[PDB]
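Below you'll find the structure, written out as structure tokens, and then a few comments.
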Amino acid sequence: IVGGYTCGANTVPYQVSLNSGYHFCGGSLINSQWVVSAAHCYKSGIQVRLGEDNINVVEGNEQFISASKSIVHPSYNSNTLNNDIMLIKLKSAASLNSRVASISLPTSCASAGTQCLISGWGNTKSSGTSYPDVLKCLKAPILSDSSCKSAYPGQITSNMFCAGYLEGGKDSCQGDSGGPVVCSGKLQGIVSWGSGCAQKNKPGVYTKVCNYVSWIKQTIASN
Ligand SMILES: Cc1ccccc1-c1cc2ccc(C(=N)N)cc2[nH]1
Ligand SMILES: [Ca+2]
């Protein structure tokens, strides 16, 4: 997260860190047994880490659970990142508490202008590199589809939306991938892609979760 702020320990209880010997992507807990992340975060040997703040220090409220199954969306296209969503089932159900909680799925799509909360452990520098230990946060509005498509001509599909600031300075980044974009208490987006980080007229691109609620619900119920 670039231009963001330190969230505060466990203030985003649904935020998860995917670890394969190191943090490589974020995710969102949608119920005690399932996590939603980005398809481009797919990899073998994933351990889900819940209740995390400083990912390099065991602070006492964490739960480390191995993934038993990963399901990448059937239509995911790695070339274009269209349908960049994946489900991860935990080997054992997480113990839900104030620091480890699920985030509800949307019942409808959010409109442009709606303010959302984006979080993650990605790089915090627009130019250069610096990875934080604690969770970073960023409040950003959903941008109009016209402004989104104008920034990325011929790259935006109906399964994507942009959020952030066209002036630059605030944006998600490398390491935040797969993480949550919550608006009005619902998981509306997944950190997917963008051009560089916090660059002018190059807002972040997010997977439009509302288009996948039926798939998520049906897939979880059958697995
Ligand atoms: C597009 C891409 C190809 C290969 C590896 C990483 C990425 C990538 C992920 C990613 C996440 C977020 C952003 C952003 N500036 N909001 C940009 C990004 N860019
Ligand atoms: Ca920790």
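Residues are named by chain letter and number: chains run A, B, ... in the order of the structure tokens, numbers start at 1 in each chain, and ligands are numbered from 1 in the order shown.
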
So which residues touch residue 82 (chain A) within 7 Å, counting only C-alpha atoms, skipping near sequence neighbours fewer than 2 positions away, as a short mmCIF file (atom, residue, chain, number, x, y, z; two decimals) with C-alpha atoms, in the first residue's frame?
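Wrote it out as out-v5.cif, contents follow:
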data_model
loop_
_atom_site.label_atom_id
_atom_site.label_comp_id
_atom_site.auth_asym_id
_atom_site.auth_seq_id
_atom_site.Cartn_x
_atom_site.Cartn_y
_atom_site.Cartn_z
CA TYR A 76 -9.29 -17.07 -15.31
CA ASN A 77 -7.05 -15.81 -18.11
CA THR A 80 -5.33 -10.44 -19.31
CA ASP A 84 -8.72 -12.92 -11.32
CA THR A 157 -13.47 -5.97 -18.64
CA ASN A 159 -15.12 -8.14 -14.22
#

* Per-residue DSSP, region 7-218 of chain A, filtered to strand (DSSP E or B), as a PyMOL selection string -> chain A and resi 15-19+23-31+34-37+47-50+63-72+77+82+86-90+97+100+104+115-120+136-142+160-163+171+180-183+186-193+199+202+204-208

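Compared by their closest atoms to ligand 2, and using only C-alpha atoms and all ligand atoms, the residues A:55, A:39, A:181, A:173 rank with A:55 nearest.
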
* To do: Find the residues near ligand 2. Use a cut-off of 6 Å, count only C-alpha atoms and all ligand atoms, and write them as JSON, numbers by chain.
  => {"A": [52, 53, 54, 55, 56, 57, 58, 59]}

Using only C-alpha atoms and all ligand atoms, what table do you get, as JSON lines, when you list each residue of chain A with an atom no more than 8 Å from ligand 1, its nearest pair of atoms, and their distance in Å rounded to one decimal, rows by chain then rising number?
{"residue": "A:171", "atom": "CA", "partner": "ligand 1", "partner_atom_place_in_ligand_line": "16 (N)", "distance": 5.2}
{"residue": "A:172", "atom": "CA", "partner": "ligand 1", "partner_atom_place_in_ligand_line": "16 (N)", "distance": 4.1}
{"residue": "A:173", "atom": "CA", "partner": "ligand 1", "partner_atom_place_in_ligand_line": "12 (C)", "distance": 4.0}
{"residue": "A:174", "atom": "CA", "partner": "ligand 1", "partner_atom_place_in_ligand_line": "11 (C)", "distance": 5.1}
{"residue": "A:175", "atom": "CA", "partner": "ligand 1", "partner_atom_place_in_ligand_line": "11 (C)", "distance": 7.0}
{"residue": "A:176", "atom": "CA", "partner": "ligand 1", "partner_atom_place_in_ligand_line": "11 (C)", "distance": 6.1}
{"residue": "A:177", "atom": "CA", "partner": "ligand 1", "partner_atom_place_in_ligand_line": "11 (C)", "distance": 5.0}
{"residue": "A:191", "atom": "CA", "partner": "ligand 1", "partner_atom_place_in_ligand_line": "11 (C)", "distance": 5.8}
{"residue": "A:192", "atom": "CA", "partner": "ligand 1", "partner_atom_place_in_ligand_line": "11 (C)", "distance": 5.1}
{"residue": "A:193", "atom": "CA", "partner": "ligand 1", "partner_atom_place_in_ligand_line": "10 (C)", "distance": 3.6}
{"residue": "A:194", "atom": "CA", "partner": "ligand 1", "partner_atom_place_in_ligand_line": "17 (C)", "distance": 3.6}
{"residue": "A:195", "atom": "CA", "partner": "ligand 1", "partner_atom_place_in_ligand_line": "15 (N)", "distance": 5.4}
{"residue": "A:196", "atom": "CA", "partner": "ligand 1", "partner_atom_place_in_ligand_line": "15 (N)", "distance": 5.0}
{"residue": "A:197", "atom": "CA", "partner": "ligand 1", "partner_atom_place_in_ligand_line": "15 (N)", "distance": 3.6}
{"residue": "A:198", "atom": "CA", "partner": "ligand 1", "partner_atom_place_in_ligand_line": "15 (N)", "distance": 5.9}
{"residue": "A:199", "atom": "CA", "partner": "ligand 1", "partner_atom_place_in_ligand_line": "15 (N)", "distance": 7.5}
{"residue": "A:202", "atom": "CA", "partner": "ligand 1", "partner_atom_place_in_ligand_line": "15 (N)", "distance": 7.5}
{"residue": "A:203", "atom": "CA", "partner": "ligand 1", "partner_atom_place_in_ligand_line": "16 (N)", "distance": 6.3}
{"residue": "A:204", "atom": "CA", "partner": "ligand 1", "partner_atom_place_in_ligand_line": "16 (N)", "distance": 3.4}
{"residue": "A:205", "atom": "CA", "partner": "ligand 1", "partner_atom_place_in_ligand_line": "16 (N)", "distance": 5.9}
{"residue": "A:206", "atom": "CA", "partner": "ligand 1", "partner_atom_place_in_ligand_line": "16 (N)", "distance": 7.8}

* Please identify all polymer residues within 7 Å of residue 70 (chain A), counting only C-alpha atoms, omitting same-chain residues fewer than 5 positions from it, and present them as JSON, numbers by chain. => {"A": [87, 88, 89]}

Same residues, N, CA and C atoms, output as a PDB file, in the first residue's frame:
ATOM      1  N   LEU A  87     -10.482 -19.434  -4.804  1.00  0.00           N
ATOM      2  CA  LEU A  87     -10.956 -19.804  -3.478  1.00  0.00           C
ATOM      3  C   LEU A  87      -9.959 -20.764  -2.848  1.00  0.00           C
ATOM      4  N   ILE A  88      -9.774 -20.636  -1.540  1.00  0.00           N
ATOM      5  CA  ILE A  88      -8.849 -21.494  -0.815  1.00  0.00           C
ATOM      6  C   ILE A  88      -9.572 -22.069   0.398  1.00  0.00           C
ATOM      7  N   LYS A  89      -9.591 -23.392   0.508  1.00  0.00           N
ATOM      8  CA  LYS A  89     -10.238 -24.026   1.644  1.00  0.00           C
ATOM      9  C   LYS A  89      -9.186 -24.353   2.699  1.00  0.00           C
TER      10      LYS A  89
END

* **Exercise: region 103-115 of chain A partners within 9 Å, only C-alpha atoms, chain neighbours under 2 positions left out, as number ranges by chain** => A: 13-15, 28-31, 101, 117, 139-145, 163, 182-188, 208-211, 213

* **Near-residue 151 (chain A) list (8 Å; only C-alpha atoms; drop same-chain fewer than 2 positions) as a PyMOL selection string** => chain A and resi 147-149+153+201-203

* Write down as a ChimeraX atom specification the residues of region 7-211 of chain A whose backbone DSSP state falls under alpha helix (DSSP H). => /A:145-151

Output C-alpha atoms for every residue in that selection, as a compact mmCIF listing (two decimals), in the first residue's frame.
# COMPACT_ATOMS: atom_id res chain seq x y z
CA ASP A 145 -15.76 2.91 -15.45
CA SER A 146 -15.08 5.58 -18.07
CA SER A 147 -12.08 6.89 -16.12
CA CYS A 148 -10.97 3.30 -15.52
CA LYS A 149 -11.16 2.30 -19.18
CA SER A 150 -9.54 5.57 -20.27
CA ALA A 151 -6.52 4.81 -18.09

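Using only C-alpha atoms for every distance, the candidate list A:64, A:131, A:215, A:121 yields A:121 as the residue closest to residue 25 (chain A).
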
Excluding residue 10 (chain A) and any residue of its chain fewer than 6 positions from it, enumerate the residues within 12 Å of it, using only C-alpha atoms, and give them as an mmCIF file with N, CA, C and O atoms, in the first residue's frame.
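Okay, this is what ended up in part_3.cif:
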data_model
loop_
_atom_site.group_PDB
_atom_site.id
_atom_site.type_symbol
_atom_site.label_atom_id
_atom_site.label_comp_id
_atom_site.auth_asym_id
_atom_site.auth_seq_id
_atom_site.Cartn_x
_atom_site.Cartn_y
_atom_site.Cartn_z
ATOM 1 N N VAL A 16 -6.130 -11.716 5.492
ATOM 2 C CA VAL A 16 -5.270 -12.866 5.683
ATOM 3 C C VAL A 16 -3.977 -12.679 4.898
ATOM 4 O O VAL A 16 -3.915 -11.892 3.951
ATOM 5 N N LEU A 50 -4.014 -16.124 9.676
ATOM 6 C CA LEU A 50 -5.077 -15.241 10.138
ATOM 7 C C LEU A 50 -4.683 -14.530 11.429
ATOM 8 O O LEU A 50 -3.772 -14.968 12.137
ATOM 9 N N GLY A 51 -5.376 -13.432 11.727
ATOM 10 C CA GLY A 51 -5.104 -12.672 12.938
ATOM 11 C C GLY A 51 -3.742 -12.005 12.976
ATOM 12 O O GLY A 51 -3.201 -11.728 14.049
ATOM 13 N N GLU A 52 -3.203 -11.724 11.797
ATOM 14 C CA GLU A 52 -1.886 -11.112 11.651
ATOM 15 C C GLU A 52 -1.830 -9.592 11.642
ATOM 16 O O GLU A 52 -2.746 -8.927 11.164
ATOM 17 N N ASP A 53 -0.749 -9.051 12.200
ATOM 18 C CA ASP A 53 -0.479 -7.624 12.097
ATOM 19 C C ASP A 53 0.961 -7.592 11.598
ATOM 20 O O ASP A 53 1.191 -7.440 10.405
ATOM 21 N N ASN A 54 1.933 -7.757 12.491
ATOM 22 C CA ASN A 54 3.331 -7.787 12.056
ATOM 23 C C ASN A 54 3.574 -9.210 11.548
ATOM 24 O O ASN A 54 3.618 -10.139 12.338
ATOM 25 N N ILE A 55 3.735 -9.387 10.241
ATOM 26 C CA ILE A 55 3.935 -10.730 9.702
ATOM 27 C C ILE A 55 5.275 -11.391 10.017
ATOM 28 O O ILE A 55 5.472 -12.566 9.701
ATOM 29 N N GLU A 59 2.805 -12.404 17.525
ATOM 30 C CA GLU A 59 2.288 -11.523 18.561
ATOM 31 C C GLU A 59 1.262 -12.139 19.509
ATOM 32 O O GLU A 59 0.966 -11.564 20.558
ATOM 33 N N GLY A 60 0.712 -13.296 19.149
ATOM 34 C CA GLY A 60 -0.224 -13.954 20.042
ATOM 35 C C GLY A 60 -1.657 -14.170 19.603
ATOM 36 O O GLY A 60 -2.389 -14.911 20.257
ATOM 37 N N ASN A 61 -2.072 -13.544 18.509
ATOM 38 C CA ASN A 61 -3.449 -13.699 18.050
ATOM 39 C C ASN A 61 -3.561 -14.381 16.693
ATOM 40 O O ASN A 61 -4.631 -14.397 16.084
ATOM 41 N N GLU A 62 -2.464 -14.969 16.232
ATOM 42 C CA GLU A 62 -2.455 -15.634 14.936
ATOM 43 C C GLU A 62 -2.964 -17.064 14.924
ATOM 44 O O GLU A 62 -3.002 -17.755 15.941
ATOM 45 N N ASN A 97 -13.043 -15.051 16.169
ATOM 46 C CA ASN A 97 -13.022 -14.168 17.329
ATOM 47 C C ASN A 97 -12.924 -12.722 16.842
ATOM 48 O O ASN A 97 -12.998 -12.468 15.640
ATOM 49 N N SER A 98 -12.758 -11.771 17.754
ATOM 50 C CA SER A 98 -12.697 -10.369 17.349
ATOM 51 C C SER A 98 -11.554 -10.036 16.392
ATOM 52 O O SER A 98 -11.649 -9.087 15.612
ATOM 53 N N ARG A 99 -10.481 -10.821 16.447
ATOM 54 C CA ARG A 99 -9.307 -10.599 15.607
ATOM 55 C C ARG A 99 -9.262 -11.475 14.352
ATOM 56 O O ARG A 99 -8.429 -11.270 13.467
ATOM 57 N N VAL A 100 -10.157 -12.452 14.289
ATOM 58 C CA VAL A 100 -10.252 -13.355 13.148
ATOM 59 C C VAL A 100 -11.737 -13.466 12.818
ATOM 60 O O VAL A 100 -12.464 -14.250 13.428
ATOM 61 N N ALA A 101 -12.182 -12.664 11.855
ATOM 62 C CA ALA A 101 -13.587 -12.642 11.474
ATOM 63 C C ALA A 101 -13.778 -12.646 9.967
ATOM 64 O O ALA A 101 -12.897 -12.233 9.213
ATOM 65 N N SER A 119 -6.452 -2.963 1.943
ATOM 66 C CA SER A 119 -5.383 -3.264 2.889
ATOM 67 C C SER A 119 -4.412 -4.340 2.422
ATOM 68 O O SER A 119 -4.730 -5.136 1.540
ATOM 69 N N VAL A 134 3.930 -4.459 9.409
ATOM 70 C CA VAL A 134 2.554 -4.337 9.878
ATOM 71 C C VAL A 134 1.577 -4.010 8.748
ATOM 72 O O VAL A 134 1.959 -3.469 7.710
ATOM 73 N N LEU A 135 0.309 -4.339 8.963
ATOM 74 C CA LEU A 135 -0.719 -4.119 7.954
ATOM 75 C C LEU A 135 -0.957 -2.649 7.629
ATOM 76 O O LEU A 135 -1.111 -1.818 8.524
ATOM 77 N N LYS A 136 -0.994 -2.340 6.337
ATOM 78 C CA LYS A 136 -1.229 -0.975 5.882
ATOM 79 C C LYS A 136 -2.646 -0.859 5.324
ATOM 80 O O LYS A 136 -3.210 -1.829 4.803
ATOM 81 N N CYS A 137 -3.214 0.337 5.453
ATOM 82 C CA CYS A 137 -4.572 0.630 5.010
ATOM 83 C C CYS A 137 -4.638 1.827 4.073
ATOM 84 O O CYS A 137 -3.757 2.685 4.084
#

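In terms of minimum interatomic distance to residue 221 (chain A), A:33 ranks closest within A:189, A:33, A:6, A:79, counting only C-alpha atoms.
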
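Between CA of residue 81 (chain A) and CA of residue 7 (chain A) the interatomic distance comes to 28.2 Å.
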
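Relative to CA of residue 124 (chain A), CA of residue 11 (chain A) is found at 18.8 Å.
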
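With only C-alpha atoms as the atoms that count, the residue of A:17, A:71, A:66, A:23 with the shortest distance to residue 219 (chain A) is A:71.
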
Skipping near chain neighbours, those fewer than 5 positions away, what residues fall within 7 Å of residue 18 (chain A) using only C-alpha atoms, listed as a JSON list (two decimals) with N, CA, C and O atoms, in the first residue's frame?
[["chain", "number", "residue", "atom", "x", "y", "z"],
["A", 23, "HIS", "N", 5.52, -14.20, 3.07],
["A", 23, "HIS", "CA", 4.27, -13.59, 2.64],
["A", 23, "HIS", "C", 4.35, -13.30, 1.14],
["A", 23, "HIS", "O", 5.31, -12.67, 0.69],
["A", 24, "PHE", "N", 3.37, -13.74, 0.36],
["A", 24, "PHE", "CA", 3.39, -13.50, -1.08],
["A", 24, "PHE", "C", 2.09, -12.90, -1.63],
["A", 24, "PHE", "O", 2.07, -12.43, -2.77],
["A", 25, "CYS", "N", 1.03, -12.90, -0.84],
["A", 25, "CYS", "CA", -0.26, -12.35, -1.27],
["A", 25, "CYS", "C", -1.19, -12.22, -0.09],
["A", 25, "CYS", "O", -0.99, -12.83, 0.96],
["A", 26, "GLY", "N", -2.23, -11.41, -0.28],
["A", 26, "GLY", "CA", -3.23, -11.24, 0.75],
["A", 26, "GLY", "C", -4.44, -12.07, 0.36],
["A", 26, "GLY", "O", -4.45, -12.74, -0.67],
["A", 27, "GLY", "N", -5.47, -12.02, 1.21],
["A", 27, "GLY", "CA", -6.70, -12.75, 0.97],
["A", 27, "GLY", "C", -7.74, -12.27, 1.95],
["A", 27, "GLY", "O", -7.44, -11.48, 2.84],
["A", 46, "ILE", "N", 0.38, -23.61, 0.12],
["A", 46, "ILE", "CA", -0.06, -22.37, 0.76],
["A", 46, "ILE", "C", -0.49, -22.57, 2.21],
["A", 46, "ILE", "O", -1.21, -23.51, 2.53],
["A", 47, "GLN", "N", -0.01, -21.68, 3.08],
["A", 47, "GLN", "CA", -0.42, -21.71, 4.48],
["A", 47, "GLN", "C", -1.14, -20.39, 4.70],
["A", 47, "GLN", "O", -0.62, -19.32, 4.38],
["A", 48, "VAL", "N", -2.36, -20.47, 5.22],
["A", 48, "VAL", "CA", -3.13, -19.26, 5.48],
["A", 48, "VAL", "C", -2.82, -18.76, 6.88],
["A", 48, "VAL", "O", -2.84, -19.52, 7.84],
["A", 49, "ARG", "N", -2.52, -17.47, 6.99],
["A", 49, "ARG", "CA", -2.21, -16.89, 8.28],
["A", 49, "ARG", "C", -3.24, -15.83, 8.63],
["A", 49, "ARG", "O", -3.36, -14.79, 7.97]]
